[PDB]
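**Student:**
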Amino acid sequence: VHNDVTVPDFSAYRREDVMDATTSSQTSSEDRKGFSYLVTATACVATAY
Amino acid sequence: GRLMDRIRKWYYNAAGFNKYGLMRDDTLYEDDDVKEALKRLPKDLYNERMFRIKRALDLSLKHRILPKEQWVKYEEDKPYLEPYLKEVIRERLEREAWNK
Amino acid sequence: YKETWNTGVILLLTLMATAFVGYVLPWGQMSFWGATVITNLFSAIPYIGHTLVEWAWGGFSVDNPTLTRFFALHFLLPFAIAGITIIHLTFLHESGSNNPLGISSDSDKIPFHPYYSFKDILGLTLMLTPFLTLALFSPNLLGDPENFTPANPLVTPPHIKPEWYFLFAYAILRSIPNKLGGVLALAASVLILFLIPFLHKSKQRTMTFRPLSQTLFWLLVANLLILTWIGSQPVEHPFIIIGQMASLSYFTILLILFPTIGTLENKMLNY
Amino acid sequence: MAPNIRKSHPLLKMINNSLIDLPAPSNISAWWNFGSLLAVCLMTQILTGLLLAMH
Amino acid sequence: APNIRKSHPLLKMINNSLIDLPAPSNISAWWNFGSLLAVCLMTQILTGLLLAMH
Amino acid sequence: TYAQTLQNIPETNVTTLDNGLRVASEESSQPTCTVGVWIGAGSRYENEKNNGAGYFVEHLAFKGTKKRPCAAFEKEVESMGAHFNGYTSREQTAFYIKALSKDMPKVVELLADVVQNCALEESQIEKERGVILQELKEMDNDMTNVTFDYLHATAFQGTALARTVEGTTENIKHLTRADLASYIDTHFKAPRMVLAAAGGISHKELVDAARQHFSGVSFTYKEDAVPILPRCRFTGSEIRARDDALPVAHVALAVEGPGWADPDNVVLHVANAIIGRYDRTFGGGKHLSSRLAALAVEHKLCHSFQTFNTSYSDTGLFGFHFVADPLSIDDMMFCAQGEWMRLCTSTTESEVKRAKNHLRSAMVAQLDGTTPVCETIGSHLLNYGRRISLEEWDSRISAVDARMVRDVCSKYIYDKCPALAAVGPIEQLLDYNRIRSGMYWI
Amino acid sequence: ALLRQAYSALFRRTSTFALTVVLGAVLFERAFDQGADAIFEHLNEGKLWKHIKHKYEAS
Amino acid sequence: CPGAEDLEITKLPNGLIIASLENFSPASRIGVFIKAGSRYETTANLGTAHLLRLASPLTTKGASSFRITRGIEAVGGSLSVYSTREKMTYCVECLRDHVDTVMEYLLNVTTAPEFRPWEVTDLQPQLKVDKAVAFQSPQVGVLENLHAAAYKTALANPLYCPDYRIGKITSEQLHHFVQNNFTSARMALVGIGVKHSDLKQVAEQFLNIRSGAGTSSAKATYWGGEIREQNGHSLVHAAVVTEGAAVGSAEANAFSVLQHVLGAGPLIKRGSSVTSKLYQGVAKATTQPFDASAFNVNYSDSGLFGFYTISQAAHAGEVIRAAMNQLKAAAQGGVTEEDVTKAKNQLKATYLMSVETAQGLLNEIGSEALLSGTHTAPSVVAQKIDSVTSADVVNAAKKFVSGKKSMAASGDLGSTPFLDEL
Ligand code: HEM
Ligand code: HEM
Ligand code: HEM
Ligand SMILES: COC(=O)CNC(=O)CCC/C=C\NC(=O)c1ccc(Cc2ccc(I)cc2)cc1
């Protein structure tokens, strides 16, 4: 049945800011992305030059 | 006076698509509206238009035309599509002005 | 068939450019003075003008660097043409070939082979004859002889005219008495092809059934013939005025008389 | 699979999909020939071209 | 129709051979040389012309 | 006029008992009516050991009490024509009866008897055990739902919200009289229950009954306290259940919702109206106003699709679900994600003008009859903490315009990691990344 | 928070993301060049014509 | 500021009945009920009723397939067609300040359809579909057959265009179905949330299509045969019935009560329904899950009555047999004068709750307002209900066991019984 099914534990791989199943993941998003996006944006500058 | 009529008739014999057995509306370029109209044609009127063209094509390929006596005559030319088309177009014109 | 067409134009443009560079290689008097006048045409653009030319010549005036890089160009371009020809043909195959009557043909089609493979082999031999006939019995008919004299950067020949296929252009560039005007007129004298598709007003696709348009069409052809001839002639009366007219008339037939006759025509069929 | 080896060969299929089974108006004139000629023309310039460039 | 990445007789290609192309979820790094070889070719040709021009 | 018919609707009355219960109801003229208890309970309040109580209970809440066993209960109810039905979501259970305004009192008594003195016979449970277990082998073949559960199951993954309401297979096999009891005991408490009703009933006359059966006043402050719930973490992710043996595939995409309170939910629903929903039988056809509906038709994109704005106490899901053939999931998905973007970038005043009028009448049809009017009150008090009049709801809608929508949808949609749940022969749709990538620019 | 302010006013709008790489790279170049030039002219002190220059530059 | 009102009901010269009723709800719901349906279909033009139903959104002489859909959606409206074997119902819903505009289409759709050859042939494949969805419920498959297995004509005609005729219906056929049926005397313009002084101004000043009963319907001849459909499916559905009463014919109210007396549905979710003779009656014979109830339909010139079962295929037999013995022991003085007193409330109730949903109300007002141009107050209807005697009931139950019975099935009918074995 579709009931005996649950998402396994992705804590080993979770980003620290969203490891606690009781804190909104929406506060710590702005960052998680701003960053990966900064790597990205920078790489883009490196390329450009 | 009978000028326009005098004129139209001339041009008609001038273009000469009659020489191929083609009605005025057989020679219409098929844009989107026409395509649509042609699909609305009654089973037969379409099968007939078909022949006429596949026959005109066969001519153009042979380089010949129809004997004088089988040509279409300005007044016997049936505008079998003009009405269906104006409707497609009148229909479209709406959808377009309504999207504002 | 817009895409099939636009590619076409690009193709023409390339061929035009290709022959230009090829012609300079033999480094004859024309080659030179040709290479000197044509590239100089970009010097009409302001700011990046004089400067763009520099790359071209690879110097401050036509010299070796120009020649060698032109050879590179010429060697390469053809291939580009062969490439775009692939796009050209490939676009065409989405729609099928047009046809003389300008009406659907699904109602009756035939395999290219052997109907057209055979029609073409013959066509090829029918054109090949004259072209061999010239290149075998009168090699220099179409070619200027001035180009049998090694380039001399110090003396531009008195009787200077480009190879025939560039005369109409030449004539127009020569029609407007202004560096820029001439260039522009020129630029548009060809670039106008891109517009033809949007200047179609007739309810029918081909001229076969539009005598009016037809006459206007042949008028244009002949108009072109003249412009060519005019290019063959020196800048003097009457020629100057004749050239000027023919140009106006070229542009006008394309920009106004075709669309206008085109419409009128429809109203005469009662559409 | 496919029967004949002219419609399933990722190469041969092309010469056959664009030069043999290609559907064409039963009535195109002679003004449609120039297309090919232009191609034969190109392919030919290139030959004489290399041959030349070799000297 | 719908998207202009699958019906454009040109754009469809860059998308039919370089984007939607199905690839084993597991090819290694020894599969990379393919591209490199390509980038290698196109690159030689550039320096090549530039050179041939002198 | 519309504006006026709006303000004539009788103000909904409310009063509280010093024990926690709250009583409300809208008076009409109808000789018939509906009444019910709206408990703020559900699996959301369940844990790993008791997943399935709110359900196992909902199942026995109709098999009798201690005062009057099986037959007697049903018998007495049937014999007066009333209708007793109920349900239980993840965070809102409810038991309600439809009957003649005459029996207004006698009814309340019964309601008060199921919620408080539920029987719970040991012969009945071990019977309702075999049955729930069946309502599963069946509910399992309702893809639409097999999907929406999975969506929850990974959207809120790891938290309590991420559980099925019917609860696990193991739990329903082992729950005990004991465990059931507690659920009732621990959860069905007056300050968390709402007595709602609508029809030809007098407000006083109603409350009076309450005072008599819903007594049992409390002493300590503990009992007058509403246990605040642990927040549920949204997590961008996907869960793919494949079976190329199924006829169609169901997909569901979503972002984290705002949560009941937020005044933005209005804007959001206005949006969700713009894209609306479609389904094979819609006579609308290629002329429908929903861009997606239109495209969906033009290219045979899908058997059906729909927008949703599920809201909860603190959070919520916002997205859409469509069913399609294995060979169009893609195109479809794509067209959709696009319409979503369109929202955030170029929604016009016309697109919304229509959307509004639509939402407007949709909300009005939410109050079509006694049962649904009631349900609106039960749910309003329990969630919004009062009653929101159509006169209000309407004004809140007249406020929304393009600019509003564009900002809100950007606010909740634009560049947000989504929750994805797909079910069926879903090979053509295939990449979280690619999907993520579809969350921006267009 | 810099990253947040970053993500909000820069890396979000695809339009401004780009506008950043541009005005960004700009600074990067200008700066990088200087550094490398300096790290280099420094590792080769008194060996570059720019260093010997004054022994003949009659001034 | 608003209060109470009265239910008006004018009747123009041509016979176009107008039923109003302002209840000040924020939303109106106008409709056009019509004596139409697959009962006026002849062998030669079957399903033409059905298609006419989906052909609702097709262009009219005053509005395009487009402008009708976009024009209605523009106000948050809705347009739906509902029909029985003998009654079609076109009706739009919307907010009060817009009714004005939704009307144009409601009018145009039912009075001036163009049924363009193409829009039509381009819409026929839908029948294949619209039909396929409905039929997912075996509940409907057995009813189609019953009617045909209990009739010779009119009512025997299927509600969903038969398979063979999909795609062969014509524009001519549709038209003659409208010109010959949707006539002013067979039409009723019923409306809620509207001023009778307006719902009127429309019907008259705007409606055209002349009057006259158009084309009488083939009197319903009763047949009484059986149709067994073997399909390997897991459950066996079945309904055994006999001519019942007709519409408004006192003799119905009896069945309508004998309906509730045998148990016609549940009132408690996941219940046991003890007030259901039939149900309870079957449980005392069957061991595994099943379901049974009282079937009852009332048509203008006929009707049907019996029970409908659903059960596992192995028990299918006994479950049906028990369904009968429970109907005999009921037709023979085994009806407490009190069971009758209860079914009377259940019936008073059920009815009363059906007037809650704006849709449910507009249907009661309409049916009545079209079959007689009258409206029996709610206290009068409840009067004709209790005016039932224990005899009328025990008789209803008897009128059953004697007459010719018709049956219908579907599923693994391997252990299911034939009509002749009851
Ligand atoms: C090297 C360049 C070119 C080559 C080798 C070439 C070749 C072809 C070929 C093979 C065809 C198909 C057969 C035919 O209809 O003749 C074709 C068609 C066509 N080409 Fe070109 N082409 C070239 C240049 C152009 C140019 C300069 C134009 C005009 C701007 C053009 C416009 C077209 C068009 C419109 C067709 C459609 C044919 C039809 O009407 O059916 N092509 N071309
Ligand atoms: C694109 C088709 C081609 C055109 C339109 C073309 C045209 C020309 C022209 C106008 C000349 C000058 C001819 C003269 O001296 O009278 C020429 C010369 C030359 N072309 Fe091409 N050519 C083409 C392709 C090529 C290619 C593909 C090569 C080989 C890469 C080539 C190699 C040369 C060489 C060696 C010369 C110099 C020798 C000579 O002038 O005879 N050409 N070409
Ligand atoms: C196919 C890829 C290529 C390879 C594998 C390649 C390789 C080489 C090699 C081995 C040399 C001798 C380099 C040396 O002097 O140490 C060379 C020279 C040269 N190549 Fe290429 N080449 C390639 C393509 C081209 C192309 C496309 C052109 C332009 C048509 C070109 C133009 C030249 C020139 C001008 C030289 C002579 C000048 C020099 O030696 O630096 N090459 N190439
Ligand atoms: C075949 O090569 C030639 O005929 C070139 N030789 C000459 O033009 C010899 C005489 C030089 C003097 C003047 N030429 C021009 O004014 C002239 C003007 C326009 C063109 C057409 C053309 C433009 C760009 C381009 I790029 C190509 C063509 C060609 C030539």
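Protein chains in written order, with this note's numbering: chain E, 1 to 49; chain F, 1001 to 1100; chain H, 2001 to 2271; chain C, 3001 to 3055; chain D, 4001 to 4054; chain R, 5001 to 5442; chain L, 6001 to 6059; chain B, 7001 to 7422.
Every residue, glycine too, gets a C-beta built ideally from N, C-alpha and C.
1. Measure from the C-beta of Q5134(R) to each C-beta in chain E and report whether the shortest distance is under 8 Å.
2. If we call anything under 8 Å between Cβ atoms a contact, is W2027(H) one with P2130(H)?
3. Output, in chain order, the set of chain C residues within a Cβ distance shorter than 7 Å of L1061(F).
4. So which residues on chain F does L2101(H) lean against when the C-beta distance must stay under 7 Å?
5. If I follow the unbroken beta strand (DSSP E) through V7319(B), where does it start and stop?
6. Nearest to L5006(R) by alpha carbon, out of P5263(R), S5398(R) and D5394(R)?
7. Output yes if chain R places a C-beta closer than 8 Å to the C-beta of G7281(B); else output no.
8. Find out if the Cβ-Cβ distance for the pair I7192(B), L7106(B) is shorter than 8 Å.
9. In its own chain, which residues sit with a C-beta less than 8 Å from the C-beta of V2062(H), not counting the 5 before and 5 after it?
10. For the alpha helix (DSSP H) containing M5363(R), name the first residue and the last one.
11. Is there a Cβ from chain B that is less than 8 Å from the Cβ of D5368(R)?
12. Using a Cβ-Cβ distance cut-off of 8 Å, determine whether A4001(D) contacts chain R.
13. Report the residue from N5117(R), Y5312(R) and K5067(R) whose alpha carbon sits nearest the alpha carbon of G5257(R).
14. At a Cβ cut of 7 Å, what residues of the segment 5288 to 5305 of chain R count as close to chain B, listed as they run along the chain?
15. For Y5440(R), which residues from the same chain have a beta carbon less than 7 Å from its beta carbon, with the 5 sequence-adjacent residues on both sides left out?
16. Within a Cβ cutoff of 7 Å, which residues of the same chain sit near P7057(B), ignoring the five residues on either side of it in sequence?
17. Kindly identify the DSSP beta-bridge partner or partners of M7187(B).
18. Of the choices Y7160(B), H7375(B) and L7095(B), whose alpha-carbon is the least far from that of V7140(B)?
19. Is the beta carbon of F5308(R) less than 8 Å from the beta carbon of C5232(R)?
20. Per DSSP, which one or two residues make a beta bridge with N7296(B)?
21. Counting only beta-carbon atoms, is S7171(B) nearer than 8 Å to chain F?
22. The alpha helix (DSSP H) spanning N3017(C) covers which residue range?
23. Look at the Cβ atom of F2112(H), then the Cβ atom of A3024(C), and state whether they are nearer than 8 Å.
24. By DSSP, does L2101(H) sit in helix, in strand, or in coil?
25. Let me check understanding here. Comparing Cα to Cα, which of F5318(R), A5365(R) and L5253(R) lies closest to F5334(R)?
26. State yes or no: is the beta carbon of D2108(H) nearer than 8 Å to at least one beta carbon in chain F?
27. Got a sec: does ligand 1 put a non-hydrogen atom nearer than 7 Å to the Cβ of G2008(H)?
28. For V45(E) and chain L, any beta-carbon pair shorter than 8 Å?
29. Taking three-plus beta-carbon pairs below 8 Å as touching, is the segment 5011 to 5029 of chain R in contact with the segment 5212 to 5220 of chain R?
30. Flag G6046(L) as yes when its Cβ comes closer than 7 Å to any non-hydrogen atom of ligand 3, and as no otherwise.
31. Is any non-hydrogen atom of ligand 4 found closer than 7 Å to the C-beta of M2030(H), if you look at the structure I gave you?
32. Under the criterion of a Cβ to heavy atom distance below 7 Å, does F3034(C) qualify as lining ligand 1?
33. Between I3046(C) and ligand 1, is the CB less than 7 Å from at least one heavy atom?
34. Is it buried or exposed for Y1011(F), if we count other Cβ within 10 angstroms and need 16 for buried?
35. Rounded to a whole number of angstroms, what is the C-alpha to C-alpha distance between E16(E) and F5234(R)?
36. Within 8 Å of any Cβ in chain F, is that where the Cβ of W7118(B) sits?
**Tutor:** The answer reads as follows:
1. At a cut-off of 8 Å between beta carbons, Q5134(R) makes no contact with chain E.
2. Between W2027(H) and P2130(H), the gap from beta carbon to beta carbon reaches 8 Å or more.
3. Using a Cβ-Cβ cut-off of 7 Å, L1061(F) is close to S3026 and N3027 of chain C, given in chain order.
4. Taking the beta carbon of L2101(H) as reference, the chain F residues within 7 Å of it are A1056, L1057 and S1060, listed in sequence order.
5. It is not in any beta strand (DSSP E) - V7319(B) instead sits in the alpha helix (DSSP H) that spans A7316 to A7331.
6. It is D5394(R).
7. Interface annotation, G7281(B): not in contact with chain R, CB-CB separation never under 8 Å.
8. Contact: no.
9. Sequence-distant partners of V2062(H) (beyond 5 residues in either direction) whose C-beta falls short of 8 Å from its own C-beta, in its chain, are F2032, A2035, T2036, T2039 and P2153.
10. Following the DSSP letters along the chain, one finds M5363(R) inside the alpha helix (DSSP H) bounded by residues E5349 to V5364.
11. Chain B, which has a Cβ nearer than 8 Å to the Cβ of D5368(R), makes this yes.
12. Nearest CB-CB separation between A4001(D) and chain R: below the 8 Å threshold.
13. Out of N5117(R), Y5312(R) and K5067(R), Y5312(R) has the C-alpha closest to the C-alpha of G5257(R).
14. In summary, the residues of the segment 5288 to 5305 of chain R whose CB is separated from some CB of chain B by less than 7 Å are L5288 and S5289, in the order they occur in the chain.
15. Here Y5440(R) has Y5414 and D5415 as same chain residues with Cβ atoms under 7 Å from its own Cβ, once five neighbours each way along the sequence are excluded.
16. Result list for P7057(B): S7065, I7068 and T7069, in chain order.
17. Beta-bridge pairing links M7187(B) to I7034(B).
18. It is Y7160(B).
19. The answer is no: Cβ separation not under 8 Å.
20. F7305(B).
21. With 8 Å as the cut-off, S7171(B) does not count as an interface residue toward chain F.
22. For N3017(C), the enclosing alpha helix (DSSP H) begins and ends at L3012 to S3018.
23. Less than 8 Å divides the Cβ of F2112(H) from the Cβ of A3024(C).
24. Coil at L2101(H), not helix or strand.
25. Closest option to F5334(R), Cα to Cα, is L5253(R).
26. Yes, contact with chain F.
27. Checking every heavy atom of ligand 1 against the Cβ of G2008(H), one is found closer than 7 Å.
28. At a cut-off of 8 Å between beta-carbon atoms, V45(E) makes contact with chain L.
29. Yes, since at least three Cβ pairs between the segment 5011 to 5029 of chain R and the segment 5212 to 5220 of chain R fall closer than 8 Å, the two stretches touch.
30. Every heavy atom of ligand 3 is 7 Å or more from the Cβ of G6046(L), so no.
31. For ligand 4, at least one heavy atom lies less than 7 Å from the Cβ of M2030(H).
32. Taken from the Cβ of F3034(C), at least one heavy atom of ligand 1 lies inside 7 Å.
33. No, the Cβ of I3046(C) stays beyond 7 Å of every heavy atom of ligand 1.
34. By the neighbour-count definition (other C-beta atoms within 10 Å, threshold 16), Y1011(F) is a buried residue.
35. One Cα belongs to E16(E), the other to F5234(R), and the distance between them is close to 15 Å.
36. Cβ-Cβ to chain F under 8 Å: yes for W7118(B).
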